[PDB]
Amino acid sequence: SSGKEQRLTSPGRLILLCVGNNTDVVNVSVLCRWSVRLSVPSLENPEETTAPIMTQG
Amino acid sequence: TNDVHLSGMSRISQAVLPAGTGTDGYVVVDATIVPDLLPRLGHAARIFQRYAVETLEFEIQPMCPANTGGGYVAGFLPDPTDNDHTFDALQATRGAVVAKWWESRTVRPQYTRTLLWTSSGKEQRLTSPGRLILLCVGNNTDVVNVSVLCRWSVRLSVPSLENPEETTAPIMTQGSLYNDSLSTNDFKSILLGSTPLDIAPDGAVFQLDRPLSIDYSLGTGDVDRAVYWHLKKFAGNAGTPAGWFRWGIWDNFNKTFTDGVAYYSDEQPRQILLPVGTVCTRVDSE
Amino acid sequence: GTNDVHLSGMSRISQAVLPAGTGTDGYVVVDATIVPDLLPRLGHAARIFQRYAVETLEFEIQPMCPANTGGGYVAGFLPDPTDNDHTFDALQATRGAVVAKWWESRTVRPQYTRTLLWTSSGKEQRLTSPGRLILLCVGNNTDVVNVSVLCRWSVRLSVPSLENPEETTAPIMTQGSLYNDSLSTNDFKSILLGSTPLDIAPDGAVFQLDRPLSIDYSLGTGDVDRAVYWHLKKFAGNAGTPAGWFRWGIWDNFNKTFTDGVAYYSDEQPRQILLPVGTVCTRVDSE
Amino acid sequence: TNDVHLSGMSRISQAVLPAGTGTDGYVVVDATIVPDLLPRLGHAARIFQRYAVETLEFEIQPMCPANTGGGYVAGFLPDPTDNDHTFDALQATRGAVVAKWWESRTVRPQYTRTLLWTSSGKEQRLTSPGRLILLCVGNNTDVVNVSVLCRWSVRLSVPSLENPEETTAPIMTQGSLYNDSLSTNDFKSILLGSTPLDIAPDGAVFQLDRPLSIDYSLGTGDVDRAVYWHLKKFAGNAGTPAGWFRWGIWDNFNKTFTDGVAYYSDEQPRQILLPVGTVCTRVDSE
Amino acid sequence: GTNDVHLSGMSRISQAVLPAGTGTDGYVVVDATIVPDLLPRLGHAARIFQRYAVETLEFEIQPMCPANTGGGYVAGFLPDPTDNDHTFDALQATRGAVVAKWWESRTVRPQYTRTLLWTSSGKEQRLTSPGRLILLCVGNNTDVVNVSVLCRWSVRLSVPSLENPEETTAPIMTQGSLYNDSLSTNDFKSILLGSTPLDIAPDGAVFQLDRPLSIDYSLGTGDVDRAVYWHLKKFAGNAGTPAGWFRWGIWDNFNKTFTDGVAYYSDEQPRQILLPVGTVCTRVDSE
Amino acid sequence: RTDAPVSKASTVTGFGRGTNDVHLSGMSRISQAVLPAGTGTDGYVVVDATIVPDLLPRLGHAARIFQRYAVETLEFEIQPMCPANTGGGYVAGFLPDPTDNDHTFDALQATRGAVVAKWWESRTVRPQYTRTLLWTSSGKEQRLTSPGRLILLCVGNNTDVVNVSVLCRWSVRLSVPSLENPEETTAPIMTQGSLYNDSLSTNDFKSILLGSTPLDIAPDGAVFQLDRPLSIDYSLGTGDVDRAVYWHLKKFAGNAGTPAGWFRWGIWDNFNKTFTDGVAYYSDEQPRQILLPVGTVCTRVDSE
Ligand SMILES: [Ca+2]
Ligand SMILES: [Ca+2]
Ligand SMILES: [Ca+2]
Ligand SMILES: [Ca+2]
Ligand SMILES: [Ca+2]
Ligand SMILES: [Ca+2]
């Protein structure tokens, strides 16, 4: 369930930046291979499970 | 060591649900667990900043005649953030129990068991191990006077002196307040969808984390806008059991409430004033 | 030495000057909320890693004044950073708390819970800060006291990162209710909020709010409109009012500059609270 | 102990050498190794006075299409004093590498491994273990955007607070400035023969360790002499890629530049103004 | 006992007197760059050997003043002799650094890297000096403070030599830019450079420069010539200007005497810097 | 059977793997003097040689391939040639600081190894030296490129001509592989004499005036460069006093009448390896000026 502090619901974020100027079209895809263990039994409505987003403008 | 262990058994809360009121789903206690709510621990917590839960059990204790023939479900939800009182949510928890109104039962929850703070803060996952909800499962035939007891043991860690108006649990709205639901000076508590607010005594004062905007007029056909951050509970009675809230100004030094400006509705567009998830701390002394 | 380092140092936390006779029982002389940035050598290290955990804290008071001054103070470390109760009894409750004469240095040696913290500030503050050192008077000071507070610290920095110099300063909770009675058309007094971090903030400073500042205005025509501002800017106080004043408006962010954008209307309105106790004022300006 | 070990990987520098520019010899990065240049270490060094190098490797990382068909040579010269960017000088060092522009390579230098200072000083053999130079070996067909990465570990020794304008590496001139090469108000950066100066951003201010003498006139046919110690870089563009320098006065308190007097040439004898080996520290904040 | 000796002693580094009310936050009261000669018993030993390495350093502050004085100071040992940043925060960063009231003696106990040094001074100064002790104010001093700074040292002298008494004194880096606006025809103010070693240097003193002092002049005829001087001489300051003044010219070296050789022209010229920040002024006079 | 790529990969294999160390040794004459009878008054500093690979010829060349060197053994021999009836005395010793400029009998005897003897006897000076690793390329600090200097002073007055020769027997280990141009491998030299603009000629000046034992016995056509600028007072030709700034000198050989020689200022154009001469000094009623102060560092820049 999402909360007020994000440091508690996400382990961090994956960012990818350009390093030069591409001469051509670039088709990048970024795959995450995960394994995780779910600990506590409960029923959480899908409205609260979403991640919060901060504007930067 | 500097740490202090403390254990006791204490009434978390007591509801009376009268004859015939109440129907499957009807939330009859919704209590966010924090030391203030646990009587003897209440005072111990006022001394340190940090507590950690060592043991927690709730013993349900309902009082009615043997022929009462209703029912309840109880349980403990570990997420003080999770705001979902449905039976399905409860039945999903560990500890959860069901019984007839005349039967006591003991819920044995699973809880955080880690180091928490005594005084309230932004993220309330650090102030509480969870919350206990008890609901109706049928229609109660008779008056039941349910008293839920909690046997608890805790570890208190760093010494401190704590402001008692800070120790209280923040209450969250469950329902939106629309501008078209305001009376001239007040509105019905039930709109906010919150049992703890609905049962907060007469004269409780609450500060909001979101502004309450009140459109008013000088009486010239001219609409103006005011802002308020405080509400006062005006007690509920048989006709309006949830009671009412007046907006206004809380003076924190003098500890006094002043009612705010009258609402004037004049062909305004539909608006959301207090969205669901508005937070409401008790700021008045107890 | 890839991920963990121990650093120790000591560093000035804050300096205050009490004019003669200023201050009284309970006058708050310094409320310093702790964060790696505020302590100088450390702040550089906390920019390298994004996690830190405190291992020793100690504060030395070192107030300087003549031997005759004869007022008093009390200092302590208050481990909740959330805790805004600045009463004497609540300060003396803190472990290590010391009370002495203005011409006596002392050393407060507290206990803290030694959790892992974050360097970059986020929403919940008990995850970015071990607490806040408070110092307050206990009598009238007879002479000018130029008090410096030092902090001896050792700390363990943990996760390699490179932070941006903007996110590191910790926000400020307002302590007092700002009524609209107290407004002036261009600006308002700092002391009204009652937060000593705001009261001391240097001029040309800009603070973003978490709640909206609602400004009344009119171009003319005897007509009252209503406007909204999320920012504040500090304009330095003068001997008459040391508090300083706050001017609202617009902090263009791409710009790197403030625009006052303040219009007010003083009229017969019903008394209102624009920015209530608990309003969170983050420092947004250039650094 | 009081000593602090620190390790990381960090971009030492990044050049773009565009299409067709650049020819065997063309120095594309010349970076004097000091902690300021290494980003994360940059901040750690601002705290102590002394650092010592434990490990150093540079990983070259060029970015271009596979068909680029130029080439480079890289290496690490251990003498921060030695001022010789030729291929032959590089090929003599240990670690040195050569490759096509599309290939990354890792230079493994040998370095002092002894105790050095964080802040700059007269003898720069105590501030730096050496310098890495990367040159062209052919003519590059395409745009290459080379990003040279350095994996480093160091030991930092005595705590201190360091003025950041002092931490920077002094740049040395490679070519003499002659009086007859001055324009009325400026001169071309390329004359000084220094890549780090040539690529220093617009508005960089530098102090010289040698006086810049400017002959001027009042406009009476009377030649007079002025002295200046500061230069301001005015950015280079496609027409003049090295850019230009104006002499003048740097005000250290206000952190401002004032342009100096115009140069007047009037049948003067040949003169050397700024001999090769003139030292040029960055004084302006970054 | 042919080559190595241990010596320990303690010795006065410097004395300063602050007139009443002189000094303010950050006023630099004493900047003493350490060298065997400055410490008296040692200086005699360092004449015998040509290599020395420091094993313990400790400074005791001992300022003398009335109990009421009530300003403050901060003192520390700054191990780079090259470091010219004299800010408070930069001094408090130094290990062992102490802050106290003007009527409190203190002891600064630092860490130093304990390298082998040279006794005879040469170009790079981090090979002749372990660093420099700095002391500066932290408030306005109410009374006259007559501060003495002591230094307790133990050191290891290593290579047998016999030095000449002229090479042993360490040179001085100028801190401030000397504009030609500030010139007077016969002399200039010492405070403009901002180097406390220069500001304090006793009169009749002679200092050679590493950069050229460019003096404008004219015999007459409304004609501006240009001249060059490498030297300076100190002429004592007076209560009105404590800084003192510097008079350029010629230090005949066979002579053992100064010759002013100063000519100036004050005219409409474009503002210039004759001696910029970092100018090295070596003490050349007789000893 | 491999496919055709867009680009093959580099195959530049053995690169950056050059020979690393070399021990190397020999014995080299480090100076020679001849003193006619009257000269050689007590204390006359007959010799003063700052030790640097370049002074030891064979070594000097090897040193242009490595960046460091460290001394493994040194001794000096003294070996004056003169007959038994010469009644003068000398004193030699190696000063382990290359910067130390005070040459007194007292300051030598103080040095470990130092020797004292009448002119007709040979002597070996077994000195004390750093045995750490210095640099081959010259630098700003001398303490880092030289282990010290060997000085030899007269002790009485020679009755007769003295033919002293001073040989240095060395062994050294060269540490770091690199390529160092012969311009930077030269040793810097400090003047010990002020140059006044009253003591001048239109285009040159005396070398004894600078008061430096090296610059005195420096060779012909030898272009130098300075750290400090030189101020030359020239003219437009209207009785006008203008100012000129030159950085470079040129050595011209000396005489039996003028032991040391001349020094013509000018311009060392390094791009093209040539030397222009400096403008006609304007003699004038100009205030007395020290053009180059005591301690001016002069570093040789022309091709060696
Ligand atoms: Ca949940
Ligand atoms: Ca608390
Ligand atoms: Ca972070
Ligand atoms: Ca330093
Ligand atoms: Ca010496
Ligand atoms: Ca070299």
# chains A, B, ... in the order shown; residues from 1 in each chain; ligands from 1
>>> closest_atom_pairs(of="chain B", to="ligand 2", cutoff="10 Å", atoms="only C-alpha atoms and all ligand atoms", output="JSON lines")
{"residue": "B:45", "atom": "CA", "partner": "ligand 2", "partner_atom_place_in_ligand_line": "1 (Ca)", "distance": 9.1}
{"residue": "B:46", "atom": "CA", "partner": "ligand 2", "partner_atom_place_in_ligand_line": "1 (Ca)", "distance": 8.4}
{"residue": "B:47", "atom": "CA", "partner": "ligand 2", "partner_atom_place_in_ligand_line": "1 (Ca)", "distance": 8.8}
{"residue": "B:48", "atom": "CA", "partner": "ligand 2", "partner_atom_place_in_ligand_line": "1 (Ca)", "distance": 7.0}
{"residue": "B:49", "atom": "CA", "partner": "ligand 2", "partner_atom_place_in_ligand_line": "1 (Ca)", "distance": 4.1}
{"residue": "B:50", "atom": "CA", "partner": "ligand 2", "partner_atom_place_in_ligand_line": "1 (Ca)", "distance": 7.1}
{"residue": "B:117", "atom": "CA", "partner": "ligand 2", "partner_atom_place_in_ligand_line": "1 (Ca)", "distance": 6.4}
{"residue": "B:118", "atom": "CA", "partner": "ligand 2", "partner_atom_place_in_ligand_line": "1 (Ca)", "distance": 5.6}
{"residue": "B:119", "atom": "CA", "partner": "ligand 2", "partner_atom_place_in_ligand_line": "1 (Ca)", "distance": 4.4}
{"residue": "B:120", "atom": "CA", "partner": "ligand 2", "partner_atom_place_in_ligand_line": "1 (Ca)", "distance": 7.5}
{"residue": "B:121", "atom": "CA", "partner": "ligand 2", "partner_atom_place_in_ligand_line": "1 (Ca)", "distance": 8.9}
{"residue": "B:127", "atom": "CA", "partner": "ligand 2", "partner_atom_place_in_ligand_line": "1 (Ca)", "distance": 9.8}
{"residue": "B:158", "atom": "CA", "partner": "ligand 2", "partner_atom_place_in_ligand_line": "1 (Ca)", "distance": 9.3}
{"residue": "B:159", "atom": "CA", "partner": "ligand 2", "partner_atom_place_in_ligand_line": "1 (Ca)", "distance": 9.5}
{"residue": "B:160", "atom": "CA", "partner": "ligand 2", "partner_atom_place_in_ligand_line": "1 (Ca)", "distance": 7.1}
{"residue": "B:161", "atom": "CA", "partner": "ligand 2", "partner_atom_place_in_ligand_line": "1 (Ca)", "distance": 7.8}
{"residue": "B:162", "atom": "CA", "partner": "ligand 2", "partner_atom_place_in_ligand_line": "1 (Ca)", "distance": 6.0}
{"residue": "B:163", "atom": "CA", "partner": "ligand 2", "partner_atom_place_in_ligand_line": "1 (Ca)", "distance": 8.2}
{"residue": "B:166", "atom": "CA", "partner": "ligand 2", "partner_atom_place_in_ligand_line": "1 (Ca)", "distance": 8.3}
{"residue": "B:167", "atom": "CA", "partner": "ligand 2", "partner_atom_place_in_ligand_line": "1 (Ca)", "distance": 8.1}
>>> residues_around(residues="segment 10-13 of chain A", least_positions_apart="3", cutoff="9 Å", atoms="only C-alpha atoms", output="VMD selection string")
chain A and resid 6 to 7 51
>>> write_last_selection(atoms="N, CA and C atoms", output="mmCIF file, in the first residue's frame")
data_model
loop_
_atom_site.group_PDB
_atom_site.id
_atom_site.type_symbol
_atom_site.label_atom_id
_atom_site.label_comp_id
_atom_site.auth_asym_id
_atom_site.auth_seq_id
_atom_site.Cartn_x
_atom_site.Cartn_y
_atom_site.Cartn_z
ATOM 1 N N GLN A 6 7.739 7.782 0.800
ATOM 2 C CA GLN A 6 8.060 6.921 -0.340
ATOM 3 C C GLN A 6 9.247 5.967 -0.008
ATOM 4 N N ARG A 7 10.132 6.449 0.865
ATOM 5 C CA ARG A 7 11.281 5.674 1.254
ATOM 6 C C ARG A 7 10.879 4.302 1.807
ATOM 7 N N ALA A 51 1.768 4.168 -7.340
ATOM 8 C CA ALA A 51 2.934 4.967 -6.886
ATOM 9 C C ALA A 51 2.693 6.456 -7.023
#
>>> residues_near_ligand(ligand="ligand 5", cutoff="10 Å", atoms="only C-alpha atoms and all ligand atoms", output="PyMOL selection string")
(chain E and resi 46-52+117-122+128+159-164+167-168) or (chain F and resi 95-102+143+148)
>>> write_last_selection(atoms="C-alpha atoms", output="compact mmCIF listing (two decimals), in the first residue's frame")
# COMPACT_ATOMS: atom_id res chain seq x y z
CA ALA E 46 67.54 23.93 13.87
CA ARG E 47 70.67 25.98 13.10
CA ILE E 48 72.73 22.81 13.92
CA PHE E 49 70.89 20.29 11.70
CA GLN E 50 69.19 20.68 8.41
CA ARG E 51 66.34 18.34 8.72
CA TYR E 52 63.61 18.24 11.45
CA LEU E 117 60.84 18.81 7.15
CA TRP E 118 63.76 21.02 6.30
CA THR E 119 65.16 23.67 8.61
CA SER E 120 66.52 26.13 5.87
CA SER E 121 63.58 27.53 3.89
CA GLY E 122 63.23 26.83 0.16
CA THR E 128 59.78 23.69 5.75
CA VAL E 159 70.94 15.81 9.59
CA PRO E 160 74.01 17.55 10.86
CA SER E 161 74.64 20.91 9.12
CA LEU E 162 75.35 24.46 10.14
CA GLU E 163 72.88 26.98 8.70
CA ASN E 164 73.17 30.73 8.19
CA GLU E 167 67.67 31.72 5.25
CA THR E 168 65.69 30.36 8.29
CA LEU F 95 76.01 19.64 1.75
CA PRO F 96 72.96 17.45 1.68
CA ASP F 97 70.62 20.38 1.02
CA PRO F 98 70.86 21.58 -2.57
CA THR F 99 69.48 25.01 -1.51
CA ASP F 100 72.02 25.74 1.21
CA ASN F 101 74.08 28.74 -0.02
CA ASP F 102 76.25 29.66 2.96
CA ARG F 143 64.97 19.56 -2.75
CA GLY F 148 72.77 18.14 -2.33
>>> select_by_dssp(residues="segment 16-243 of chain E", states="helix (DSSP H, G or I)", output="JSON, numbers by chain")
{"E": [40, 41, 42, 43, 44, 45, 46, 88, 89, 90, 91, 92, 93, 125, 126, 127, 196, 197, 198, 199, 200]}
>>> closest_residue(among="A:40, A:54, A:15, A:28", to="ligand 1", atoms="only C-alpha atoms and all ligand atoms")
A:40
>>> closest_atom_pairs(of="chain F", to="ligand 6", cutoff="12 Å", atoms="only C-alpha atoms and all ligand atoms", output="JSON lines")
{"residue": "F:63", "atom": "CA", "partner": "ligand 6", "partner_atom_place_in_ligand_line": "1 (Ca)", "distance": 9.0}
{"residue": "F:64", "atom": "CA", "partner": "ligand 6", "partner_atom_place_in_ligand_line": "1 (Ca)", "distance": 8.1}
{"residue": "F:65", "atom": "CA", "partner": "ligand 6", "partner_atom_place_in_ligand_line": "1 (Ca)", "distance": 8.7}
{"residue": "F:66", "atom": "CA", "partner": "ligand 6", "partner_atom_place_in_ligand_line": "1 (Ca)", "distance": 7.0}
{"residue": "F:67", "atom": "CA", "partner": "ligand 6", "partner_atom_place_in_ligand_line": "1 (Ca)", "distance": 4.1}
{"residue": "F:68", "atom": "CA", "partner": "ligand 6", "partner_atom_place_in_ligand_line": "1 (Ca)", "distance": 6.9}
{"residue": "F:69", "atom": "CA", "partner": "ligand 6", "partner_atom_place_in_ligand_line": "1 (Ca)", "distance": 10.0}
{"residue": "F:134", "atom": "CA", "partner": "ligand 6", "partner_atom_place_in_ligand_line": "1 (Ca)", "distance": 9.9}
{"residue": "F:135", "atom": "CA", "partner": "ligand 6", "partner_atom_place_in_ligand_line": "1 (Ca)", "distance": 6.3}
{"residue": "F:136", "atom": "CA", "partner": "ligand 6", "partner_atom_place_in_ligand_line": "1 (Ca)", "distance": 5.5}
{"residue": "F:137", "atom": "CA", "partner": "ligand 6", "partner_atom_place_in_ligand_line": "1 (Ca)", "distance": 4.0}
{"residue": "F:138", "atom": "CA", "partner": "ligand 6", "partner_atom_place_in_ligand_line": "1 (Ca)", "distance": 7.4}
{"residue": "F:139", "atom": "CA", "partner": "ligand 6", "partner_atom_place_in_ligand_line": "1 (Ca)", "distance": 8.7}
{"residue": "F:144", "atom": "CA", "partner": "ligand 6", "partner_atom_place_in_ligand_line": "1 (Ca)", "distance": 11.4}
{"residue": "F:145", "atom": "CA", "partner": "ligand 6", "partner_atom_place_in_ligand_line": "1 (Ca)", "distance": 9.8}
{"residue": "F:174", "atom": "CA", "partner": "ligand 6", "partner_atom_place_in_ligand_line": "1 (Ca)", "distance": 11.5}
{"residue": "F:175", "atom": "CA", "partner": "ligand 6", "partner_atom_place_in_ligand_line": "1 (Ca)", "distance": 10.9}
{"residue": "F:176", "atom": "CA", "partner": "ligand 6", "partner_atom_place_in_ligand_line": "1 (Ca)", "distance": 8.6}
{"residue": "F:177", "atom": "CA", "partner": "ligand 6", "partner_atom_place_in_ligand_line": "1 (Ca)", "distance": 9.1}
{"residue": "F:178", "atom": "CA", "partner": "ligand 6", "partner_atom_place_in_ligand_line": "1 (Ca)", "distance": 7.1}
{"residue": "F:179", "atom": "CA", "partner": "ligand 6", "partner_atom_place_in_ligand_line": "1 (Ca)", "distance": 7.6}
{"residue": "F:180", "atom": "CA", "partner": "ligand 6", "partner_atom_place_in_ligand_line": "1 (Ca)", "distance": 5.8}
{"residue": "F:181", "atom": "CA", "partner": "ligand 6", "partner_atom_place_in_ligand_line": "1 (Ca)", "distance": 8.9}
{"residue": "F:182", "atom": "CA", "partner": "ligand 6", "partner_atom_place_in_ligand_line": "1 (Ca)", "distance": 10.6}
{"residue": "F:183", "atom": "CA", "partner": "ligand 6", "partner_atom_place_in_ligand_line": "1 (Ca)", "distance": 11.4}
{"residue": "F:184", "atom": "CA", "partner": "ligand 6", "partner_atom_place_in_ligand_line": "1 (Ca)", "distance": 8.2}
{"residue": "F:185", "atom": "CA", "partner": "ligand 6", "partner_atom_place_in_ligand_line": "1 (Ca)", "distance": 8.1}
{"residue": "F:186", "atom": "CA", "partner": "ligand 6", "partner_atom_place_in_ligand_line": "1 (Ca)", "distance": 11.6}
>>> write_last_selection(atoms="N, CA, C and O atoms", output="mmCIF file, in the first residue's frame")
data_model
loop_
_atom_site.group_PDB
_atom_site.id
_atom_site.type_symbol
_atom_site.label_atom_id
_atom_site.label_comp_id
_atom_site.auth_asym_id
_atom_site.auth_seq_id
_atom_site.Cartn_x
_atom_site.Cartn_y
_atom_site.Cartn_z
ATOM 1 N N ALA F 63 68.982 9.364 -17.805
ATOM 2 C CA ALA F 63 67.981 10.033 -17.079
ATOM 3 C C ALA F 63 66.896 10.646 -17.975
ATOM 4 O O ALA F 63 65.802 10.924 -17.494
ATOM 5 N N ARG F 64 67.188 10.901 -19.245
ATOM 6 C CA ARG F 64 66.165 11.380 -20.173
ATOM 7 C C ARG F 64 65.130 10.312 -20.592
ATOM 8 O O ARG F 64 64.155 10.645 -21.302
ATOM 9 N N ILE F 65 65.316 9.056 -20.175
ATOM 10 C CA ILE F 65 64.300 8.056 -20.418
ATOM 11 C C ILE F 65 63.420 7.721 -19.206
ATOM 12 O O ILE F 65 62.301 7.263 -19.400
ATOM 13 N N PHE F 66 63.902 7.912 -17.985
ATOM 14 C CA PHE F 66 63.078 7.653 -16.787
ATOM 15 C C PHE F 66 62.704 8.887 -15.999
ATOM 16 O O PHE F 66 63.438 9.833 -16.042
ATOM 17 N N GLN F 67 61.618 8.829 -15.219
ATOM 18 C CA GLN F 67 61.170 9.970 -14.431
ATOM 19 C C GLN F 67 61.743 10.087 -13.103
ATOM 20 O O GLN F 67 61.823 11.221 -12.613
ATOM 21 N N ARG F 68 62.142 8.993 -12.494
ATOM 22 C CA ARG F 68 62.813 9.146 -11.208
ATOM 23 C C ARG F 68 64.177 8.557 -11.202
ATOM 24 O O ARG F 68 64.511 7.820 -12.106
ATOM 25 N N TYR F 69 64.959 8.910 -10.195
ATOM 26 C CA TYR F 69 66.247 8.317 -9.958
ATOM 27 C C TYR F 69 66.450 8.389 -8.482
ATOM 28 O O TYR F 69 65.975 9.320 -7.815
ATOM 29 N N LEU F 134 64.406 10.868 -6.171
ATOM 30 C CA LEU F 134 64.242 12.227 -6.646
ATOM 31 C C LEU F 134 63.657 12.150 -8.065
ATOM 32 O O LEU F 134 63.349 11.044 -8.582
ATOM 33 N N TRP F 135 63.528 13.306 -8.701
ATOM 34 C CA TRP F 135 63.064 13.375 -10.085
ATOM 35 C C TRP F 135 64.186 13.812 -11.066
ATOM 36 O O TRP F 135 65.125 14.568 -10.732
ATOM 37 N N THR F 136 64.078 13.278 -12.273
ATOM 38 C CA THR F 136 65.020 13.559 -13.333
ATOM 39 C C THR F 136 64.704 14.880 -14.024
ATOM 40 O O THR F 136 65.622 15.708 -14.301
ATOM 41 N N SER F 137 63.410 15.053 -14.353
ATOM 42 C CA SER F 137 62.909 16.353 -14.841
ATOM 43 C C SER F 137 63.055 17.367 -13.742
ATOM 44 O O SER F 137 62.555 17.131 -12.658
ATOM 45 N N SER F 138 63.665 18.533 -14.010
ATOM 46 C CA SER F 138 63.660 19.661 -13.033
ATOM 47 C C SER F 138 62.243 20.092 -12.667
ATOM 48 O O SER F 138 61.263 19.933 -13.421
ATOM 49 N N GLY F 139 62.154 20.721 -11.505
ATOM 50 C CA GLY F 139 60.857 21.151 -10.957
ATOM 51 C C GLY F 139 61.009 22.432 -10.229
ATOM 52 O O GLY F 139 62.093 23.006 -10.164
ATOM 53 N N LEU F 144 63.821 18.189 -4.413
ATOM 54 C CA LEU F 144 63.209 16.991 -5.020
ATOM 55 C C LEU F 144 63.958 16.399 -6.267
ATOM 56 O O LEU F 144 63.721 15.276 -6.689
ATOM 57 N N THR F 145 64.842 17.190 -6.856
ATOM 58 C CA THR F 145 65.602 16.790 -8.040
ATOM 59 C C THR F 145 67.140 16.585 -7.772
ATOM 60 O O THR F 145 67.868 16.041 -8.645
ATOM 61 N N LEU F 174 67.640 4.099 -11.788
ATOM 62 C CA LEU F 174 66.619 4.879 -12.477
ATOM 63 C C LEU F 174 65.301 4.180 -12.476
ATOM 64 O O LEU F 174 65.234 3.100 -12.913
ATOM 65 N N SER F 175 64.221 4.830 -12.064
ATOM 66 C CA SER F 175 63.082 4.127 -11.506
ATOM 67 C C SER F 175 61.986 4.094 -12.543
ATOM 68 O O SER F 175 61.532 3.053 -12.848
ATOM 69 N N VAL F 176 61.650 5.188 -13.161
ATOM 70 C CA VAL F 176 60.346 5.308 -13.868
ATOM 71 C C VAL F 176 60.460 5.531 -15.387
ATOM 72 O O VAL F 176 61.236 6.357 -15.842
ATOM 73 N N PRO F 177 59.716 4.761 -16.158
ATOM 74 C CA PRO F 177 59.867 4.861 -17.607
ATOM 75 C C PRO F 177 59.086 5.985 -18.188
ATOM 76 O O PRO F 177 57.873 6.035 -17.962
ATOM 77 N N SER F 178 59.719 6.820 -19.043
ATOM 78 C CA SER F 178 59.096 8.019 -19.597
ATOM 79 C C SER F 178 60.104 8.653 -20.538
ATOM 80 O O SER F 178 61.256 8.246 -20.584
ATOM 81 N N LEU F 179 59.678 9.667 -21.303
ATOM 82 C CA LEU F 179 60.561 10.344 -22.264
ATOM 83 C C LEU F 179 60.693 11.837 -21.968
ATOM 84 O O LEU F 179 59.725 12.541 -22.151
ATOM 85 N N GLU F 180 61.837 12.265 -21.442
ATOM 86 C CA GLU F 180 61.965 13.654 -20.971
ATOM 87 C C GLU F 180 62.914 14.487 -21.789
ATOM 88 O O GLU F 180 64.079 14.135 -21.918
ATOM 89 N N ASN F 181 62.329 15.486 -22.447
ATOM 90 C CA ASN F 181 63.112 16.384 -23.332
ATOM 91 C C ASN F 181 64.237 17.139 -22.631
ATOM 92 O O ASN F 181 64.044 17.703 -21.543
ATOM 93 N N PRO F 182 65.405 17.214 -23.306
ATOM 94 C CA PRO F 182 66.647 17.722 -22.723
ATOM 95 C C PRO F 182 66.598 19.170 -22.224
ATOM 96 O O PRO F 182 67.517 19.636 -21.546
ATOM 97 N N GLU F 183 65.533 19.878 -22.554
ATOM 98 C CA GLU F 183 65.367 21.243 -22.083
ATOM 99 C C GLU F 183 64.991 21.290 -20.593
ATOM 100 O O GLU F 183 65.576 22.068 -19.829
ATOM 101 N N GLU F 184 64.039 20.439 -20.193
ATOM 102 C CA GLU F 184 63.619 20.337 -18.787
ATOM 103 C C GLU F 184 64.637 19.613 -17.858
ATOM 104 O O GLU F 184 64.568 19.795 -16.646
ATOM 105 N N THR F 185 65.573 18.813 -18.386
ATOM 106 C CA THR F 185 66.528 18.052 -17.515
ATOM 107 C C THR F 185 67.662 18.892 -16.873
ATOM 108 O O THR F 185 68.364 18.416 -15.963
ATOM 109 N N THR F 186 67.836 20.122 -17.354
ATOM 110 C CA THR F 186 68.832 21.052 -16.814
ATOM 111 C C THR F 186 68.572 21.423 -15.342
ATOM 112 O O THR F 186 67.435 21.381 -14.880
#
>>> closest_residue(among="C:268, C:143, C:166, C:187", to="chain E", atoms="only C-alpha atoms")
C:143
>>> residues_near_ligand(ligand="ligand 1", cutoff="7 Å", atoms="only C-alpha atoms and all ligand atoms", output="PyMOL selection string")
(chain A and resi 1+44) or (chain B and resi 79+81-82)
